[PDB]
Every structure is written in C-alpha cells, then in structure tokens.
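Structure, as structure tokens:
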Ligand code: HEM
Ligand code: HEM
Ligand SMILES: Cc1cc(N)nc(CCc2cc(CC[C@@H]3CCCN3C)cc(F)c2F)c1
Ligand SMILES: Cc1cc(N)nc(CCc2cc(CC[C@@H]3CCCN3C)cc(F)c2F)c1
Ligand SMILES: C[C@H](O)[C@H](O)[C@H]1CNc2nc(N)[nH]c(=O)c2N1
Ligand SMILES: C[C@H](O)[C@H](O)[C@H]1CNc2nc(N)[nH]c(=O)c2N1
Ligand SMILES: [Zn+2]
C-alpha cells in the first residue's frame, strides 16, 4: 500500500512506502486522533528473552541491508552469534558499528525533530565501559567540550550501559545537561527557570549549595548501575553562555538575560534492536525559537513579554494591539543576533524549516518516506510563513528510536 | 477508553467521554497518524442515521423515551419506507445546523455555536430564488458591520441528479487573473474560478480586488451568474495606525467570511448548498490571505517599505512585517466598526469553550493543527492544550468541486 502527502504551497506530492516498515503504535485509532497528545502511552518506556531475538533480528537485517551485505555470511553468522548470546546470557552486545548505525537512525527516525537533515553527521561516544557516576561525569564533560567546540557546535551522543534487569539502570537525572535552576519563593513568585523548580529542589536536598540567582547552571545528578545518584558541578569554563542583547534596543542588555549555547537532551531512552540505553545524552545546536519563544516567553517559563513590551512602550491595554506578538519578534531577533555576534552556532526557524523540507523530499526519494509530526515540526511563531506549515506529513514510529521514560526520582529505589 | 487531555500551561486535565459517541472515521490507524492531512476521504443506511439523530434531539429537549419521541421515530420510519427519504421538522433542522457547527473540530469560533441564525430555504426552486435567499443572508449577517452568525439551508439532495450547489467557495471572494507576463493579478486561489466565471459569461474588471459574481446551481441545472449588490458587500480599506504609507499599498478586504461549498449532514440527509457565515479572526486575512506565498504575498513589499534588512532570513524581517500587517487588519476593522476577533481573544474563548463542553457535554472534538493560529502559536493558550480529534454528527463535510461533476 502506497500513501501520498501533498505540499499545498507547491503542489509537490510525495509517495510514502516507508510507513509499511512501521512496528510500534501511534496512539491513534480509526475513531480518535491523539495527534496532539504530548506523551501518548506509546512514546514512553522490563523485557525478556521472549521478544528480544525478533527485535534483534529485525535490527540486524536493517543494519546489513544498509551496508549492502544482506544475506551475507557475515550477516548470517552475526544473527547466529546474537541468537546464542541471547539464549545464553538473556541479552546481547552491539558491535561498535551497530551502535553508531543505531544511534544515527534513532535520530533519523525522530519524527518530531526538525533538524534531521544533519542525522548522518553525528559523533557517537561509546561509554558502555562506564561503571560509576564519577566515570559518567568524565564522559559527559568530554561530550560537552567536544560538542561545544568553542561555539562551532558539533552534534554528539554519549551512550552509557544498556538496561539489564531494570534494577541497575544508568540514568542522567537532569532533563538536559545544561539548564538553569528555578527557585520557588515563599511569596509564590519564581526565581530562575520555573521549568526546573522540582529538579532544583532534588539537587538542593542532595546537598547542592544553590547560589539562588536567576541563571545558575544546575549540577549534574548521575546514576550509575542503579545506585543512588551523585552530584557533580560541570566545570564553568566548559559551559558556553551568550549574553542576550538586541541590535537596535540598547536597553535590552539591561534585562540581564543570557542563555547557554549547547542544547543537550539527557533524559530520553535510546532503543536499538530491543536493547534499552536509558542514559544517552545527545546535543546539537539551537533553533532560535526554542530560546526566544518557548524559554523566554512561555507564561510558565521566564515570561519576559511583559517587561520587554513595557520597555518597548507598546499599547499593552488591549491584546488586539498585538503587543505580545511584537515583543516576541524583538526577543527572537535579540537571541539570533547575540548568538551570531558571539559566533555560537544557531539556526533561525526559516532556515531550519526550509532545510527540513529538502531533507524530507530527499528522504522520500532515497528511503520511501520520512515520518514527521506536524504538531512539533511547525515552529512556535510565524507558523504559516514557514514552508512546513503547508506540508502534509505522515507520522509513524520506526526503530531504532528515542523514547520518553519516567523521571528517575519517581521510580528509583533508594539505597541510602 | 475514558480519555484525559492535559493543558500543559495550566496543568488543567479534562476527561473526555464524548468520543465514545463518535461515528465516522478519522483516517488514522494505530500504525499511522494522518492528523496533518488536509482532506482525508440506500433505504437501509438511512433509518439508523435518522434514529441516532432523533435520539440525541429528543434527549437534548429532555423528552427521550417520551410519547412524542417514539411517535416521531415511528413517523420518520414510515416516511423512509414510503418515500426513501424524509423531511426534518423546523426545530430538528435548527438543532442539526447548530450542532454541525458545535461538532466542527477545526473551528476555533465555536463558543458562539448556540447563537446561530438558521434560514430555512428548503422551499427554493431556482437559481434566482437562491440569489434572493443569499442576498438576504448577506444583509442579515453583515448588519452594518455588527456581524451575526447565519446559515441558509437549500433543499437536501435527493437522487444526486437534482443537487443544489453554490459554486463559489465563499459568498464573497476577490477575483484572480493570470497575467500574460507570468505573475498573477488579484487572488491566486481564485484563478480557476475566475476563469469559469468569465468562461461562463462574466465581464471582469480585471482589477486586483474585484468581487466575484455568484454562480448558483438549483435542482442540478446549469449554474447562473448573479452580481451581489455592492451595497451589501461590506469592505474595509486597510491602513496602519503608525505607518501612513500603509494606506498607499491599496489593500482592502471584505468583512463577511461566508463558506459556501461545504455539505451539511443531519440525520443521514445531505444539504449540498448551505452557505454559512460568521466574522473573521484577524490572522485569516493578515497571515494567510495577505502573506501566503500562494496568495497576495505582500510580505516582501511591506518589508521594503519598512526598510528592514531583507538580506538574511535571521533578521526575522518576515516576522516583523507579518506582525505589522496583522496589527493593521485589526486596526482597520475596529476603526470601521466591523466585527473582528484577534487570535489571542479567540483562542482564550476556545479554551473557555472547551472547559464548558467537557463540563456540560463530556468533551469537545478539536483539531489542534487547525485550532492553533498561523502566527505566534505558543503564546496563545491553545498551543499548550492537548485536544482529541474525532468525528461527530451532525457535521459539515467537504464535497467535490461542482465543475468536475456537473452533467452539463
Ligand atoms: C543539530 C541541530 C538540531 C536542531 C536544530 C534540532 C531541533 C529540534 C527541535 C526544535 C525540536 C522540537 C522540540 C522542542 O521544541 O522542544 C526537536 C526535537 C527532537 N530532536 Fe532534534 N535538533 C537537533 C539535533 C538533534 C540531535 C543531534 C538529536 C539526537 C541525536 C535530536 C533528536 C531529537 C528528538 C528525539 C526530538 C524529539 C523530542 C520528543 O519526542 O519530545 N535532535 N529537535
Ligand atoms: C463566528 C465567528 C467564527 C470564527 C471566528 C471562526 C473561525 C474559524 C477559523 C479560524 C477556522 C480555520 C479554517 C481556516 O483557517 O480557513 C474555521 C474553520 C471552520 N469553521 Fe469556524 N469561525 C466562525 C464561525 C463559524 C460558523 C458560524 C460556522 C458554521 C455554522 C463555522 C464552521 C467552521 C468549519 C466547518 C470549519 C472547518 C472546515 C474544515 O473542516 O476544513 N464557523 N473557523
Ligand atoms: C539535540 C537538540 C537540539 C535542539 N536544537 N533542541 C533540542 C531540544 C529538543 C528536545 C526537547 C525535549 C523535551 C521538550 C520538553 C518536554 C515536552 C515539552 N518540553 C517541556 C526532548 C527531546 F528529546 C528533545 F530533543 C535538542
Ligand atoms: C464562517 C467562517 C468564519 C470565519 N471566521 N472563517 C471562515 C473560513 C474558515 C473556513 C475555511 C474552509 C476551507 C479552507 C481552505 C480549504 C483548504 C485550505 N483552505 C485554503 C472551510 C470552512 F468551512 C471554513 F469555515 C468561516
Ligand atoms: C498541511 C497542513 O495540513 C495544512 O497546511 C493546514 C495546516 N493547518 C491549517 N490551519 C488552518 N486554520 N487553516 C489551514 O488552511 C490549514 N492548513
Ligand atoms: C499540547 C501540545 O501537543 C504541546 O503543547 C506541544 C505542541 N507542539 C510542540 N512543538 C514543539 N516543538 N515543542 C513543544 O513543546 C510542543 N508542545
Ligand atoms: Zn492521528
């Protein structure tokens, strides 16, 4: 069965056959679309030898196809080797080549990621020999240095040991490797990043001396082999930050804003051939709107629209003045200007969405499809003047994949 | 099976049971979501449809299982066995139309759903008659700029050979002509229709904002051209409250958004001609009509007049111009006292409407892809609102364009 998507701006129609290789479920049915649910049951992640070899076999079939060795003696022997290692040891180990392939294809298959044109240029750091939280700190430091590269950002992922019985998990408790603390005040107001208040409290309880400023980089909280997590401060010279100024508004610097340069997601689960890598930090570079729209202007985040509009002296009485929309653009101009001025890699939403359209068309041509989540691909400002708004998209889940997992502090069994 | 939807900006969680009543299909499966696809796809079938509708109608008036209910169910059952169709009582027709709007999961304006004015045009027989009903609709809905929601319902389909159709997509739309030199004058979305108008007899001004004539088809006959009287077409010249050069652009839009090419389904009956109208949300004109590349596409021209740095996309000059254009639209309509709602006000209304529907109905089908405005998405409350999309009936459905179908 073939399926067609149409771009209603260009009338370009593409044909998807790749959705036929889809295994996992969407969450939708014939009678309800769950397309806007943030965490469906299926996108989140306890696994026995029963279902593991079919998952291994499918991944290895995919791997050896991609290297033009399907049905080779190398292919058949590896299947035999994995089979015996599973029945003997109940799991198996990926080769280095398989791990790299798997991690790149997990990114390639991330239907909510607009930055996937870059998927083949991913630096994979094998941290599967790591055993302790200190060892994890060292691997993460090296990732942060390599990926930052003095502002010339490089995509990277660091992969810690896979889950075994679910009782010895490696976890990075931070949602992102670099994030600002958030503090709830007795008067109800929040200082810093409201998104991080719960995590900041865990860190403080674990013994972190909080500076209690508005832009305090949080410490790393690292769990190795299912032991209690441990606190580590990222070396400040490794944390690249950009002061935010506006190219025309000199008062903008006086808002005291900055942001870190490296977006590095650290709380997701990487699934490859039925193996679960529960600690797999990955990083790229920012699209401007992630900082300027969501981080600064979400009502539940830094929420600076009011103060920015106040200093612009906009008509703030009625919303029909679009003072909210006016300030949002300026703030997003400032983020982009500050990053480019400091020669820190960033991409605006116009460039990033045009690239993704080209990526997607290329993927239909060479791969038969490109799974894409329109709800997430369309940027959070100026939607319809980007070409993805007009792009029909098919969403389905391929493996290897990145999945959500529950926050560790809700599942962890504390040792003491 | 009793589903939850979270708003992530407020942590409010609503429980949806209404979707269990869903009847039609969504186009998705467990293996693939088609949430962003624009248009996914006898006597026996008719009575169950009628029963389901009459069941919900007599429930809404708290007469479920009453004498009158069973009597009406009996009477419609008899009419279908006899005539192979049936006719709605006026009260049922009004209910059905209001609920088709209530059920339109892509519409952000549905908080107003119960205040719809329904014009029963089922006694209509000719295109001249259709024209009369439509002029009355336009005048009533326009109301000197104090816009009022309205629908006019022409006779239901019978055998598919006697269809009533309005060929225009909207009662009021600007013409579009291809220029010999390559580009497009007027509205590019309306180039083929502007063709069929001329190509059926229209005398075009070949201007930029020429109101298209109505192309009315009654009882499946050939469609006929009618000019809407200009004094009924309320238009707003577009100026900016800060940029005096803005007026020089020569932009205007019409005040009445009036969809005329959809199909209204009630209790299994199909109303192929059912023009309906409300009032604009500001982004419909300014973001889509003016700035879509496939439309009037004035962005580059406006940015030049603002003297913005158009060398690189990262100066966000398109975003800056886009905001100003939409400030102007709202300013112009408000100054002329023509009803319009900005996208902040309308989405806040829709959140309140969802809360109302979940509380008094058990849910509210909603299509996030269409509810979220085409600018400033994440600073409106609907962006952070999970939504369950499902198809309830009565409903508005899309239908094939008539010129592809009409046995001429
Ligand atoms: C290199 C430049 C990259 C850019 C510009 C980019 C951009 C984005 C953006 C804007 C989102 C939307 C999420 C949000 O708004 O919070 C996203 C999602 C995502 N990105 Fe990328 N990204 C990049 C690199 C990467 C890399 C290196 C990986 C993994 C190896 C990755 C994996 C993902 C995944 C898994 C999601 C989905 C998150 C979810 O399902 O909730 N991205 N990306
Ligand atoms: C009164 C103020 C109203 C407002 C502000 C409003 C707003 C909107 C908007 C912004 C859309 C998105 C579609 C697009 O972007 O082109 C839409 C769709 C729609 N509206 Fe409403 N509307 C209003 C009244 C009505 C009325 C009176 C009806 C019918 C009785 C209606 C039925 C619909 C339907 C059926 C759709 C979606 C068509 C589809 O499925 O593609 N609307 N509306
Ligand atoms: C590598 C990279 C590059 C880039 N440019 N941006 C990112 C961040 C994108 C991103 C976000 C989230 C969580 C968003 C959270 C959860 C729900 C809503 N929000 C609160 C999870 C991810 F896996 C992810 F990749 C990553
Ligand atoms: C009553 C009313 C009030 C208001 N404020 N706006 C409207 C117009 C919105 C609208 C659009 C469309 C088609 C959109 C077309 C077809 C494909 C994509 N697009 C180009 C169908 C509708 F039923 C509709 F209601 C109507
Ligand atoms: C491809 C995509 O479905 C298409 O561009 C849709 C997206 N969302 C929309 N939303 C609204 N309100 N109106 C539209 O015409 C569209 N078009
Ligand atoms: C409810 C809704 O799905 C939620 O707000 C989503 C919508 N789209 C998004 N898109 C991106 N890129 N990031 C997000 O956090 C979200 N949030
Ligand atoms: Zn779906």
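Protein chains in written order, with PDB author numbering: chain B, 299 to 343, 348 to 718; chain A, 299 to 339, 350 to 716. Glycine included, every Cβ here is placed at the ideal spot set by N, Cα and C.
By Cβ distance below 6 Å, which residues in the same chain neighbour residue 549 (chain A) in space, the five residues on each side in sequence not counted?
For residue 549 (chain A), same chain residues with a beta-carbon under 6 Å away, outside a window of 5 residues either side, are 639 in chain order.
Determine the extent of the alpha helix (DSSP H) in which residue 375 (chain A) is found, giving its start and end residues.
For residue 375 (chain A), the enclosing alpha helix (DSSP H) has its first and last residue at 375-391.
Is the shortest distance between the beta-carbon of residue 335 (chain A) and the beta-carbons of chain B less than 9 Å?
yes
Report whether the distance from the Cβ of residue 663 (chain B) to the nearest heavy atom of ligand 5 is below 8 Å.
Within the chosen limit of 8 Å, ligand 5 does not reach the beta carbon of residue 663 (chain B) with any heavy atom.
What is the chain-ordered set of residues for which the beta carbon lies under 5 Å from any non-hydrogen atom of ligand 7?
B:326, B:331, B:333, A:326, A:331 and A:333
At 7 Å on the CB atoms, spell out the chain B contacts of residue 411 (chain A), in chain order.
Taking a Cβ-Cβ threshold of 7 Å, none of the residues of chain B is close to residue 411 (chain A); the smallest such distance is about 14 Å.
So, under 8 Å CB-CB, residue 496 (chain A) and residue 515 (chain A) are touching, yes? Tell me the CB distance rounded to an integer number of Å.
15 Å between Cβ atoms; not a contact.
For a contact meaning CB atoms closer than 7 Å, what does residue 601 (chain B) contact in chain A?
Result: 307.
Report the residue from B:660, B:492, B:392 and B:704 whose alpha carbon sits nearest the alpha carbon of residue 466 (chain B).
B:392
Taking the alpha carbon of residue 530 (chain B) as the reference point, which residue from B:708, B:474 and B:303 has its own alpha carbon closest?
B:474
Please confirm whether any heavy atom of ligand 3 lies closer than 8 Å to the CB of residue 582 (chain B).
For ligand 3, not one heavy atom lies less than 8 Å from the Cβ of residue 582 (chain B).
Residue 436 (chain B): buried (16+ other C-beta within 10 angstroms of its C-beta) or exposed?
exposed
Note the first and the last residue of the continuous beta strand (DSSP E) segment covering residue 290 (chain B).
Any property of residue 290 (chain B) remains undetermined from this structure, which presents chain B solely from 299 to 718.
Taking just the CA atoms, how far does residue 665 (chain A) sit from residue 363 (chain A)?
19 Å
Check whether the Cβ of residue 676 (chain B) lies closer than 9 Å to any Cβ atom in chain A.
Yes, residue 676 (chain B) lies at the interface with chain A (some Cβ there is under 9 Å from its Cβ).
Kindly indicate if chain A contains any beta-carbon less than 9 Å away from that of residue 596 (chain B).
yes
Which class does residue 353 (chain A) belong to by DSSP, given the choice of helix, strand or coil?
helix
Using a C-beta to C-beta distance shorter than 9 Å, which residues of chain B count as neighbours of residue 638 (chain A)?
622, 623 and 624
Could you check if residue 367 (chain B) belongs to the surroundings of ligand 4, using beta carbon to heavy atom distance under 8 Å?
no
Any chance the CB of residue 417 (chain A) is under 8 Å from a heavy atom of ligand 2?
yes
May I ask you to report which of helix, strand or coil DSSP gives residue 678 (chain A)?
helix
Between the alpha carbons of residue 544 (chain B) and residue 499 (chain B), how many angstroms are there, rounded?
23 Å
Regarding residue 306 (chain A) and ligand 3, is the C-beta to nearest heavy atom distance less than 8 Å?
yes
Tell me where the beta strand (DSSP E) around residue 494 (chain A) begins and ends.
In the DSSP assignment, residue 494 (chain A) falls within the unbroken beta strand (DSSP E) covering 492-494.
Quick one: measure Cβ to Cβ for residue 687 (chain B) and residue 572 (chain A), integer angstroms, because I've assumed they're closer than 8 Å.
Here residue 687 (chain B) is actually not in contact with residue 572 (chain A); their C-beta atoms are around 33 Å apart, not less than 8 Å.
Got a sec, what are the start and stop residues for the alpha helix (DSSP H) residue 655 (chain B) sits in?
651-669
Which class does residue 561 (chain A) belong to by DSSP, given the choice of helix, strand or coil?
strand
DSSP puts residue 331 (chain B) in a beta bridge; with which residues?
A:697
Given that a residue counts as buried once 16 or more other Cβ atoms are within 10 Å of its Cβ, and exposed if not, what is residue 446 (chain A)?
With 16 or more other CB atoms across the displayed protein chains lying within 10 angstroms of its CB, residue 446 (chain A) is buried.
Residue 336 (chain A) by DSSP, collapsed to three states: which one?
coil
Please report whether the beta-carbon of residue 331 (chain A) lies at a distance below 9 Å from any beta-carbon of chain B.
yes
Since I believe residue 706 (chain B) is in contact with residue 342 (chain B) (beta carbons under 8 Å), could you give me their beta-carbon distance rounded to a whole number of angstroms?
4 Å
Nearest to residue 662 (chain A) by CA position, among A:677, A:552 and A:693, is which residue?
A:693
Does residue 530 (chain A) come out as helix, strand or coil in the three-state DSSP assignment?
coil
Residues of the segment 504-530 of chain A with a CB closer than 9 Å to any CB of chain B: list them in chain order, please.
none
Beta-carbon separation of residue 702 (chain A) and residue 411 (chain A) under 9 Å?
yes
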